[PDB]
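Notes follow once the structure below has been shown.
2 protein chains.
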Amino acid sequence: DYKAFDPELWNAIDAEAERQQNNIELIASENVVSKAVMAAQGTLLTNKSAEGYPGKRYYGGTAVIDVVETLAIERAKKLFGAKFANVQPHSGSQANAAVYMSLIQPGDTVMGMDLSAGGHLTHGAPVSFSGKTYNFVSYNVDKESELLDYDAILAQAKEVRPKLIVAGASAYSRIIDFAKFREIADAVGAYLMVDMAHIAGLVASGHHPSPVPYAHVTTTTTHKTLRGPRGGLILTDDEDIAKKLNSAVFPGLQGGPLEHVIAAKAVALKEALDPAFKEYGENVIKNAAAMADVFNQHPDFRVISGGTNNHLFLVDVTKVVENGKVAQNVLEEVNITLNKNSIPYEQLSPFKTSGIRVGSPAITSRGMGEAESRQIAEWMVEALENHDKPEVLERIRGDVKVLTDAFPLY
Amino acid sequence: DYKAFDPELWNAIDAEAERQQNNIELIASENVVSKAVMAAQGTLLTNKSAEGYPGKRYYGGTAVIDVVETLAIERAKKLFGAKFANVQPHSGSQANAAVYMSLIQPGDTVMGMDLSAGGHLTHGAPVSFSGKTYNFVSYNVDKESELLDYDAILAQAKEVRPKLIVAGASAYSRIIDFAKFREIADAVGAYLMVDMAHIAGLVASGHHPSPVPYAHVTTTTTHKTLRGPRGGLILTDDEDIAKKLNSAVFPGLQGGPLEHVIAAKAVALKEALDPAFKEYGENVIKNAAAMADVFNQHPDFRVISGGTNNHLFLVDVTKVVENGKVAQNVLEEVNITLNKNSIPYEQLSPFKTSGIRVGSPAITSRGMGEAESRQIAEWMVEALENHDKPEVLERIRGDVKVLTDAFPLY
Ligand SMILES: *Cc1c(COP(=O)(O)O)cnc(C)c1O
Ligand SMILES: *Cc1c(COP(=O)(O)O)cnc(C)c1O
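Below, the structure is given as structure tokens:
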């Protein structure tokens, strides 16, 4: 009994397993990985250091590690249709750090999505290494439509003359035209990086256009929609850039890779290669649409861009609670975690925001469908209309338990 | 069930457990973690995105995760004698990157140990962000004694006037005087960073003086001598440095921490707080000494600095095989993994080297003792003397096999 040595730690692990079961996870980044993905991270591959790349290791005894990493590498190439993959990045933050390091120089100018319109921290926030190391100039969505305007971007690009354009977002609901982003990049002589961390699973599933054929380099996380272990991944079709990327990940930015997590990457990528992953993607698309329909129909809420063609959507809540932070707290009391979130052309402080961000991938991996998704948005609408009224929140929390009980987690 | 879906990957994982049993691991960086450490990494805490810090998270649903991270922080503060601890770095390299971001500006001068006397890549290699981002100037050991010379280092520091001195090494056998390093830093108005990755276990066990009282900031891997999951850890007693370290790690450098690996850190730190960890420490010291003795007493080999007071030691092999690369290969042939290693004032090319590096932590962790340790060194001498005599190697493999059988890995 290894658990018996450390009850304080393993009682917390049980408490979290319980907490998850009794919690509706609507946070768009979140998912529920298979038992195989978890099992793989908990193997004795943690024991073995593999500084270097397959058949170019610093150390010996690395023959079987090369099989595991080469599987992961080959499975990502096959799934995403890329000539080159690096599976060693510890996180999406590090995968992004390696691409910047490979394509541009400290102080060089970079275009990323506005951080209220769907841009990521790592796409130029001044509190991120990304902001501090490079000159980031944001491109917005159109104010009226809340859509990417490829004409407006192209004209801004022509003035800013960036060395690099970043596309991909964590709060944009609509299909990105990657062909148009590359057309713009080519129009001004810049690289295109696509950070697809949010949509990588929808890309695996067929439901989002691939940026792989259009981006010079594509980064993603292996967690989020792709539903793998916590980590990062870099794809490219350019052999010269693959060489630079490999160098930047190690020994540029990282030391030894987490080969146990890389075994969980290989596993999860094989799961994404299965026809059942197409079904999952389909249900991610429907479940999010079902939830968003409910906010569309209700007069006191506006969905950003009018709806969604991916795993998530934002809602302006400001007609019903003071701000997004309030919205967020209220729903935690009914055992529904989402997150406050900026909306295009945000008026309020970044700590308050005008919006909530809903996502479908977690409830979808639990086995929930459109009925359940609609039900959960009605509950969100009731709880938020009745933020004042604890007797009301208390009834809803009891209904949430009925539904969580109904849909086990593992 | 779930392994049937992916036989290719789970057979490679069976292959690596086999290989690990049938191999004598003397790579000094390596260890054998407990079943609890692997188990904790294989739990559903990978599903919870926890950006931020305990009671200051971006997302709700994070109360239990706050218990698991605070366990790790508190266990690290207790074990190491530190007022502040950050358990979020994905690796030693990321831990180091966060400390540089916290204490110095890009282009500032840093002294670290030479990448040939025991310096790490992250201590100024031109191929690491360390060398690229900062002005690294390396300090050496005395040519004659192979010891750090605290008077020479002070003399160098007065000339180079660094913002930061890095102490700590990956190939140095002797007790470091952390008070002397701080005296030098204080003498020249420099911060002191100690990277104790290789010796964190022997510090935990009480067999190596703590740097914690003397370093402005201590970094380490949670793996290596401390026998934890692969990751990093930062320690300081300065509240204002702790605030900057925390910002640096997130959102400066990382995104979401690996809360499952943090759980495993928490397990490992409680393991190293146990009295049994002191015996592990004692046995690491005796076993490495036993192995060093054999190279000392043999005329054709020289141990660097004449021996060791920690877990590792270097041997000049060049009076027996052409270089350290050949030594590494011969020994792989008989199921002993170690690494070629630059020695002080290395004459040969980095790729070839004069030296081998032996460590006791891994065999110590498999329950081996002084007798076994001496046998392995005898076998290494025999094998190397008789390198191009396949008759002999075959018999040593057979012998090794008998010993690996005798000490099950798990
Ligand atoms: C191993 C090591 C590191 C880096 O750890 P990774 O987890 O490989 O990034 C840094 N410093 C020292 C002294 C080390 O031994
Ligand atoms: C989550 C995310 C990242 C960073 O991933 P971490 O593993 O948390 O470092 C980067 N970019 C995007 C778009 C993301 O969604």
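Residue numbers (the UniProt record's numbering), protein chains in the order written: chain A, 7 to 416; chain B, 7 to 416.
Beta carbons: idealized from backbone N, C-alpha and C, even for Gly.
Local conformation of residue i per DSSP, three classes
i              : result
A173 (chain A) : strand
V255 (chain B) : helix
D120 (chain A) : coil
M199 (chain A) : strand
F357 (chain A) : coil
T370 (chain A) : helix
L154 (chain A) : coil
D72 (chain B)  : helix
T139 (chain B) : helix
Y351 (chain B) : coil
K284 (chain B) : helix
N92 (chain B)  : strand
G87 (chain B)  : coil
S35 (chain A)  : coil
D322 (chain A) : strand
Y65 (chain A)  : coil
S108 (chain B) : helix
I342 (chain B) : strand
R380 (chain B) : helix
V309 (chain B) : strand
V336 (chain A) : helix
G365 (chain B) : strand
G130 (chain A) : coil
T228 (chain B) : coil
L409 (chain A) : helix
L77 (chain B)  : helix
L241 (chain B) : strand
Where residue i meets chain A, residues with beta-carbon distance less than 8 Å
i              : result
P257 (chain B) : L127, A131, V133, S134
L15 (chain B)  : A46, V74, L77, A269, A272, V273, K276
Partners in chain B for residue i, counting only beta-carbon separations shorter than 7 Å
i             : result
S35 (chain A) : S55
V70 (chain A) : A18, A21, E22, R25
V39 (chain A) : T52, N53
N29 (chain A) : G67
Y8 (chain A)  : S40, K41, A42, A45
Contact set between residue i and chain B, taken where Cβ atoms lie within less than 9 Å
i              : result
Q162 (chain A) : Within 9 Å Cβ-Cβ: nothing; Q162 (chain A) doesn't reach chain B, min ~26 Å.
Residue i: contacting residues in chain A (beta-carbon distance under 9 Å)
i                     : result
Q260 (chain B)        : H96, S97, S99, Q100
residue 417 (chain B) : This structure cannot settle anything about residue 417 (chain B), because the visible part of chain B is limited to 7 through 416.
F11 (chain B)         : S40, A42, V273, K276, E277, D280
Contacts that residue i makes with chain A (C-beta to C-beta distance below 7 Å)
i              : result
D155 (chain B) : Near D155 (chain B) there are no residues of chain A at all, since even the closest Cβ is about 28 Å away, more than 7 Å.
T49 (chain B)  : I19, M44
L264 (chain B) : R236
Closer than 8 Å at the beta carbon, the chain B residues around residue i
i             : result
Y64 (chain A) : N345
> Mind listing which residues of the region 324–343 of chain B have their C-beta closer than 7 Å to chain A's C-betas, in chain order?
Replying inline: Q334, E338, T343
> Using 8 Å as the threshold, is the region 82–91 of chain A in touch with the region 293–309 of chain A, meaning 3 or more CB pairs across them?
Replying inline: no
> Closer than 9 Å, Cβ to any Cβ of chain A: which residues of the region 266–298 of chain B, in chain order?
Replying inline: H266, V267, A269, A270, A272, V273, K276, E277, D280
> On the three-pair Cβ rule with 8 Å, is the region 185–196 of chain B touching the region 216–223 of chain B?
Replying inline: yes
> Do the region 288–303 of chain B and the region 162–175 of chain A touch if we need at least three Cβ pairs shorter than 8 Å?
Replying inline: no
> Are three or more beta carbon pairs between the region 126–135 of chain B and the region 97–111 of chain B nearer than 8 Å?
Replying inline: yes
> Got a sec: which bits of the region 221–244 of chain A sit with their beta carbon under 7 Å from any beta carbon on chain B, in order along the chain?
Replying inline: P235, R236
> Any contact of the region 133–144 of chain B with the region 306–326 of chain B, i.e. 3+ C-beta pairs under 8 Å?
Replying inline: no
>> Could you check whether the region 310–326 of chain A touches the region 362–371 of chain A, counting it as contact only if at least three pairs of C-beta atoms, one from each stretch, sit closer than 8 Å?
In response: yes
> When you check each C-beta in the region 389–412 of chain A against every C-beta of chain B, which residues fall closer than 9 Å?
Replying inline: none
> Does the region 173–181 of chain B come close enough to the region 198–217 of chain B that 3 or more CB-CB pairs lie under 8 Å?
Replying inline: yes
> Are there three or more Cβ pairs, one per stretch, closer than 8 Å when the region 45–63 of chain A is compared with the region 258–275 of chain A?
Replying inline: yes
> Does the region 71–81 of chain A touch the region 38–57 of chain B, meaning 3 or more C-beta pairs lie closer than 8 Å?
Replying inline: no
> Going along the chain, which residues of the region 174–203 of chain A sit with their C-beta nearer than 8 Å to a C-beta in chain B?
Replying inline: none
> Is the region 236–247 of chain B touching the region 20–30 of chain B in the sense that three or more CB pairs, one from each, lie closer than 8 Å?
Replying inline: no
> Taking Cβ-Cβ distances below 7 Å as the criterion, which residues of the region 342–376 of chain A are in contact with chain B?
Replying inline: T343, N345
> Can you find at least 3 beta carbon pairs, one from the region 373–382 of chain B and one from the region 322–335 of chain B, that sit closer than 8 Å?
Replying inline: no
>> When you compare the region 106–124 of chain B with the region 267–276 of chain A, are there three or more beta-carbon pairs, one atom per stretch, that lie closer than 8 Å?
In response: no
> Quick one, which residues of the region 105–117 of chain B are near chain A if we go by CB-CB under 9 Å, in chain order?
Replying inline: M107, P112
> Between the region 400–413 of chain A and the region 340–352 of chain A, are three or more C-beta pairs nearer than 8 Å?
Replying inline: yes
>> Tell me whether the region 381–388 of chain B and the region 348–361 of chain B touch, counting them as touching only if at least three CB pairs, one residue from each stretch, are closer than 8 Å.
In response: no
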